[PDB]
Each structure stands twice: as C-alpha cells, then as structure tokens.
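Student: Submitted below is the structure of interest, expressed as structure tokens.
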Amino acid sequence: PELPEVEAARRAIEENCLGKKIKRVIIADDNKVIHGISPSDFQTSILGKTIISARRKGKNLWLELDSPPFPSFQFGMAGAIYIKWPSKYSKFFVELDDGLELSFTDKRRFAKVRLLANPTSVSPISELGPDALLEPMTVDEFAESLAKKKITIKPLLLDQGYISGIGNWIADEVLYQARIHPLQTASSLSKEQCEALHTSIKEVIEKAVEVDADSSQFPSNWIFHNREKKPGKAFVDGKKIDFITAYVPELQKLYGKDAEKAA
C-alpha cells in the first residue's frame, strides 16, 4: 500500500466513521502486529471513545479520538482497511454506535498497529520526510535536495525519511513518465530532469488520489498496468518493458558516469 491506497482508506474512514462512539473493540492477540502494548490494554483504552478525524503522513494512518492515546497503522505489504468477518485476519476491529464496523486486516502479519499518546512526536511518523501529497517540496527545494545525494534515484524515492508516501509502483511510474532511468544517481540529475521528476510526482500522485487508488482508473499510458507481467510479455504504449523495478529502455536511458559503469 502506497500513499494513494492509504489516503483512500483515510478518506473512507472520514466519510463514514466520525462522531460515532466505539461500542465494541477486538484487537487481535498478535504479538507481531500489535506493537508496544498488549491487546487487552489496547481494547480497554479505546472502548467508548469517538473518532474525531482520520490522519495520514506517508503510508501511515492514525485516528484522532476525542481523547488520547490514538491508534496508528503502518500497513506493511498486505495491510488494508475495510468498512461494513470479523475476518480471521482482522488485527484492529471496532463496532460503532450505528452498527457500522471498521477493520484493519493483515493476512501476512507484517503490519504494525500502535496506540500512542501523540503519533506525530514519536517514530515512525516523527522520522518521516515531508508528505509527497500534503507537503510537496518546491521545484528549487527538490533540485537542491537531490544535488548532494549520491544514491540511485529509485531507492532514494523509496526512502521515507527523504519524502514520504512513495512505494515501488509510484517510483516506477514517476521515473518512467519523467524519462529517468531508475539507476541514475540523484546528484547527477540535471535541473531539467529534477523539474521533470517534480512534475511527474505531482501528476501521478494527484491522479491516483483523484480516483481513490482505483488502479482500473489509472491512465492507459501508465507503466503500472504491465509492471507485474512476465519478461517478454510486458509492454506499455507499444514499447518493451525491462526489469531490474519496471522501466522502458527506449525511453529511460542512463547518462554520464552511471551509463559508463553500466557498460
């Protein structure tokens, strides 16, 4: 789950779960998912409270209740929010006063659910870089921040401490759209390349959020649709897709020293 997916979950909670007292709570007895507190203490703490707002930074979601502490969700690889089982994969479950039920599931057990006095003042949220959607860097700030990073551009975009919210599919998408190879060193990007990337990040994220992360609604010219196909059967806009991370060799070339080291 990347920024769009988590944002869609946040909006869904905001539209259907606010101002409703929590009548029942079921926190899975999962030592791997439930972090920093016991399930029983977690259940006791939030019972009877109301959700005031749903917040998000990067791929992290948290619920502001009428009194702290607040529950936070680090999705992991298979985390998801459902609003109506109680699924055997539910980790966080609450029944509201109007009968509506809210659940965070994780079949893989890689998610992290916490209960914090102030989610934003402690890790992992406190260590996150600016949100790609809510706090975008300016064109010049972006170029300046890239100038001294001797890191290949894709992994840098995946560094939540640099910019938060981008995952593998968005990374592949913005680099493909900006015509930048994923192995190009950040500090080697020209001012023009930096701006092209600044633009693609804005456009891809806004479009994805515009359609509530419904990938079936992503533009057809997006590499997203075929970035998970077997080698030799992956094409976008008629051009061959290669894998290292999906990219299009004909449209994404390596430049300078990086190209030299590659060859």
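Residues 2-85, 103-262, 269-287, in that order, are what chain A shows, numbered as in Swiss-Prot.
Structure determined by X-ray crystallography, 1.7 Å.
From the backbone N, Cα and C atoms, a Cβ is placed for every residue, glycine too.
Per Swiss-Prot, active site, schiff-base intermediate with DNA is recorded for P2, and the stated evidence type is sequence analysis. Here Swiss-Prot flags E3, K60 as active site, proton donor. Under the heading DNA binding site, Swiss-Prot lists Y107, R126, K167, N186.
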Student: Which whole number of Å separates the Cα atoms at either end of the 17-residue gap, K85 and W103?
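Tutor: Cα to Cα, the distance spanning the unmodelled stretch is 9 Å.
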Student: Name the residues of the same chain, 6+ apart in sequence, whose Cβ is under 8 Å from the Cβ of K60 (active site, proton donor)?
Tutor: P2, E3, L4, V7, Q75, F76, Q178, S182, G183, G185
Student: Among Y107, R126, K167, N186, recorded DNA binders, what is the largest CA to CA distance in Å?
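Tutor: 40 Å is the greatest Cα spacing among the residues binding DNA.
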Student: Please state whether DSSP places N186 (DNA binding site) in a helix, a strand or coil.
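Tutor: In three-state terms, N186 (DNA binding site) counts as helix.
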Student: Taking the Cβ of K167 (DNA binding site) as the centre, how many other Cβ atoms fall within a 10 Å radius?
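Tutor: Its Cβ shell of radius 10 Å holds 16 other Cβ atoms.
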Student: Distance between the CA atoms of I262 and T269, in Å, given 6 unmodelled residues in between?
Tutor: 5
